[PDB]
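**Q** Coordinates only, no sequence provided:
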Ligand SMILES: CC(C)(CO)[C@@H](O)C(=O)[O-]
Ligand SMILES: CC(C)(CO)[C@@H](O)C(=O)[O-]
Ligand SMILES: [Cl-]
């Protein structure tokens, strides 16, 4: 069937009710548009896990702590829909912010996930993760999916949503999808477009340094402090300006303990105009 | 044929089965120690769906006073026996360790800031965050078509309505009028906290509220004077009033020329019990 494109809440409601009454398993892929091949692998994964796949395109003002950053977020609906139809999305839901938050942002009911919202990336971004957990909860309530796909690329987001889902009683399988990489290993991001030609040839070093760190851990290394210092050194020597680096429990993002079963390595570093990031799971 | 379920996986099994059977589901959230008011919620729910799910959970997240949580009555077998006669289809009665397996310090929460910090929310800081969090969780677990709440907790109902509108829940929210003892006292599990002597004083709250409502029926509109008098009368008979309010029944804001219906919102301590009541007042003439 032709892909449906819905902008209003009443028309969305009609359709979701129909699918729920028909017994269709529903997958949800939340996005903010400006889609690339990474997003398309989310849709591909969703397709294997459900009867119908809903993809949202919504630049969420509640998660932008600088309100002007909304003004500058790329809007490319036609291009996004071209891609989505080709990957078999059944419904694209692309609402106006006025329809999602008609009572404004300050007095909008919100969902907050303690600790995961305020550590690491949340520490310098008060209110960002509240906006994420709120919109995702709302979309879950609107669309009633059995499965929802998120990129591992945005790892703290993924961990946050997993916690929310466990805590709030959602019967939803949260699927983390690995990042698409270039043949040279560079993780796919809209950010990559901001690199110069010379910078694009340095960029693959972030994953290589990460994977060197992960290999040491696979054998048994656990002096987290030293591992990270090394990696910041190497980032500098090959032309990045490192940001802070971390190795944390994959579920809580807290420092590893003897009960932690999985770690996540969290890399971030500047290359000219772009702050690039990557991550890697380590079985402990 | 009423079912009792305690665990979250068993609840989901049953909710899935009913949806496969094409059933519409009504939800009635409670904290147990059920009375006739609760039975009237169940009766109303049965007229609005095929199956009625009643929850019984003393929710620690909404008790801002540890002594109040400690003393809240627990009478599950009695509760269940009453519900079987009113034809509830399922009682869901979870343990706190399953609802909040790691406790409350890191538990994800839902806040409705439009209503959580004013009026009763000002008198009970932290309380409404507990309510919206558990009700959201129950909605997510059950996915009812309709959910029924008592108008005795008037601001709670407004708060849940706001949460549903804000959060995109496809759930019809129904309010059911307060059921009272023959002597006028609003039924409440909290009434059990009263001594025998206090129980004979307790009807005065309704009487004072109704006397205020009568003055407003006659055209009185000086709210602070009306409330000062009600507070004086409560003190006289042995209550300690908490903050009293008269607001627009729809918005809970101060009355304006456009208001058509007021709500009197009463709260008062009698011994160890903190009792509430309310009354709608038609302002039209
Ligand atoms: C999950 C998401 C759609 C929520 O707005 C957004 O944070 C995103 O695309 O990363
Ligand atoms: C709605 C309710 C069950 C939520 O815990 C509770 O506040 C109550 O019964 O008043
Ligand atoms: Cl309470």
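**A** Alright, I've got the coordinates. Numbers count the residues shown, from 1 in each chain, chains lettered A, B, ... in the order given. Ligands and ions are numbered 1, 2, ... in the order given.
**Q** OK, now which residue of the stretch 1-150 of chain A is nearest to chain B?
**A** Closest to chain B within the stretch 1-150 of chain A is residue A:109: 3.6 Å, counting by Cβ to the nearest Cβ. All C-beta atoms are positioned from the backbone trio N, CA, C, and that covers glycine.
**Q** okay, now the nearest residue to that residue once chain neighbours are set aside: neighbour count?
**A** Closest residue in space to residue A:109, ignoring its immediate chain neighbours: residue B:166 at 3.6 Å, by Cβ to Cβ, 6 or more residues apart in numbering or on different chains. Burial of residue B:166 is recorded as 24 neighbouring residues (other Cβ atoms under 10 Å in any protein chain shown).
**Q** Is residue A:53 part of a helix or strand, or is it coil?
**A** Put simply, residue A:53 is strand when judged by DSSP: H, G, I helix; E, B strand; the rest coil.
**Q** Please, where are all the helices along the stretch 101-250 of chain A?
**A** Ranges of helices within the stretch 101-250 of chain A are A:128-143, A:155-167, A:197-202, A:205-219, A:224-238, based on DSSP state H, counting those that start in this stretch.
**Q** Quick one, which of these gets closest to ligand 2.
**A** Minimum separation from ligand 2 across those (Cβ to the nearest ligand atom) falls at helix A:155-167, 16.1 Å.
**Q** that older thread, residue contacts, the residue of the stretch 1-150 of chain A closest to chain B?
**A** Shown in contact with residue A:109 (Cβ atoms under 8 Å, 6 or more residues apart in numbering or on different chains): A:134, B:110, B:111, B:112, B:113, B:114, B:132, B:162, B:163, B:166, B:167.
**Q** again, only this time at 6 Å
**A** Taking Cβ atoms under 6 Å, 6 or more residues apart in numbering or on different chains as the contact definition, residue A:109 lies against B:112, B:163, B:166, B:167.
**Q** Would you mind splitting chain A into its domains for me?
**A** Domain segmentation of chain A under curated CATH domains yields A:1-181, A:182-284.
**Q** Give me the contact status of the longest one with ligand 1.
**A** Yes. Contact of domain A:1-181 with ligand 1 (Cβ under 6 Å from any ligand atom) involves A:30, A:31, A:32, A:60, A:63, A:132, A:135, A:136, A:154, A:157.
**Q** same thing with the last one?
**A** No. With Cβ under 6 Å from any ligand atom as the measure, domain A:182-284 is seen stopping short of ligand 1, the closest distance being 10.9 Å.
**Q** End to end on that domain, go ahead and measure it.
**A** 27 Å (Cα to Cα, to the nearest Å).
**Q** from the middle of its chain, how far away would it be?
**A** 17 Å (Cα atoms, centre = their mean, to the nearest Å).
**Q** OK, now which residue of chain A is nearest to ligand 2?
**A** Counting by Cβ to the nearest ligand atom, chain A gets nearest ligand 2 through residue A:169, at 13.8 Å.
**Q** Give me the residue at the spatial middle of chain A.
**A** residue A:154 (3.7 Å; Cα atoms, centre = their mean).
**Q** rewinding a little: contacting residues around the residue of chain A closest to ligand 2?
**A** Residue A:169 sits next to B:137, B:140, B:141 when contact means Cβ under 6 Å, 6+ apart.
**Q** Toward the C-terminus, what is the element adjacent to the host helix or strand of residue A:265?
**A** Take DSSP states H and E as the rule and residue A:265 turns out to sit in strand A:262-271. Using DSSP H and E, the helix or strand that follows strand A:262-271 towards the C-terminus is strand A:274-283.
**Q** what about residue A:5, which SS state?
**A** Taking three-state DSSP, the label given to residue A:5 is strand.
**Q** Hmm, residue A:264 is touching residue A:252, no?
**A** No. With contact defined as Cβ atoms under 6 Å, residue A:264 does not reach residue A:252; the gap is 10.2 Å.
**Q** now the strands for the stretch 51-200 of chain A?
**A** Listed in chain order, the strands of the stretch 51-200 of chain A (DSSP state E, counting those that start in this stretch) span A:52-57, A:91-93, A:110-112, A:147-151, A:173-177.
**Q** Distance from the last one to the middle of the chain?
**A** Read it as strand A:173-177. How far strand A:173-177 lies from its chain's middle: 11 Å, per Cα atoms, centre = their mean.
**Q** same thing with the fourth one?
**A** For strand A:147-151, the gap between its own C-alpha mean and the chain's C-alpha mean amounts to 9 Å (Cα atoms, centre = their mean).
**Q** Direction included, what does it pair up with?
**A** Strand A:147-151 sits in its sheet next to strand A:26-31 (parallel), strand A:173-177 (parallel), going by DSSP bridges.
**Q** Check the first one too.
**A** Strand A:52-57 has its sheet partners listed here by DSSP bridges as strand A:26-31 (parallel), strand A:91-93 (parallel).
**Q** How about residues contacting it?
**A** Contacts of strand A:52-57 (Cβ under 6 Å, 6+ apart): A:19, A:24, A:26-31, A:33, A:46-47, A:80, A:84, A:89-94, A:139, A:143.
**Q** Just want the angle from it to helix A:128-143.
**A** 140 degrees (axes from the mean of the first three to the mean of the last three Cα atoms, to 10 degrees).
**Q** so how far is strand A:52-57 from its chain's centroid?
**A** On Cα atoms, centre = their mean, the centre of strand A:52-57 falls 15 Å from the chain's centre.
**Q** With the third one instead?
**A** When distances are taken as Cα atoms, centre = their mean, strand A:110-112 is centred 18 Å away from the chain's centroid.
**Q** packing partners for it?
**A** Under the contact criterion of 3 or more Cβ pairs under 6 Å, 6 or more residues apart in numbering or on different chains; DSSP states H and E, strand A:110-112 touches helix A:128-143.
**Q** which other residues reach the helix it packs on?
**A** Contacts of helix A:128-143 (Cβ under 6 Å, 6+ apart): A:16, A:28, A:30, A:54, A:56, A:60, A:62-63, A:65, A:110-113, A:117, A:122, A:157, A:160-161, A:164, A:170, B:167-169.
**Q** How about stretch A:225-238?
**A** With Cβ under 6 Å, 6+ apart, stretch A:225-238 has contacts from A:205, A:209, A:213, A:242, A:245, A:269.
**Q** rewinding a little: how about the strands paired with strand A:52-57 in a markdown table, adding distance to ligand 2?
**A** Formatted as a markdown table, the strands paired with strand A:52-57 follow (distance: least, Cβ to the nearest ligand atom, whole Å):
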| stretch | distance to ligand 2 |
| --- | --- |
| strand A:26-31 | 28 |
| strand A:91-93 | 31 |
